[PDB]
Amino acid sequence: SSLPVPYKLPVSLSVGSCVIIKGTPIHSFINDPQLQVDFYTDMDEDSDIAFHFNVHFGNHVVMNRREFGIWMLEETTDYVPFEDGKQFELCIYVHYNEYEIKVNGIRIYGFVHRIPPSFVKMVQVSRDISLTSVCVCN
């Protein structure tokens, strides 16, 4: 892996930013690998999370947020267009009202902001992947 995992990246996010994550699952899909992305409001892992994203490859995605230290109401989708054993490109685009999640160019979900995305100061990419690159673009 080009970058260590858990990869904790300090970020500054604004409307129009894109977080592009490129990596490869480290286990085949029959082994139920996961990929987790957390939009943290501080480098401390107990800080609030504006957007939590856990892909269960070949299964579903679970999304949530943590406010005043409390996990809020979980959201899910079954649209998991990741391919077994291949590199993926995961793009999280910050619109004025939501994070748009695109997997390999395919939009799968729009997670609405309950706090402004400019409150995000760290993005952590974790779990069962090898990372080739992470870019924050505007």
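Residue indices: 1-based, along the sequence shown.
Relative to one another, 97-105 and 32-40 have unequal mean CA B-factors, and 97-105 is the one with the higher figure.
Higher mean CA B-factor, judged across 50-58 and 82-90 from the recorded values: 82-90. For residue 123, the recorded CA temperature factor ranks within the lowest third of the chain's modelled residues. Residue 11: CA B factor lies in the middle third for its chain, per the PDB record.
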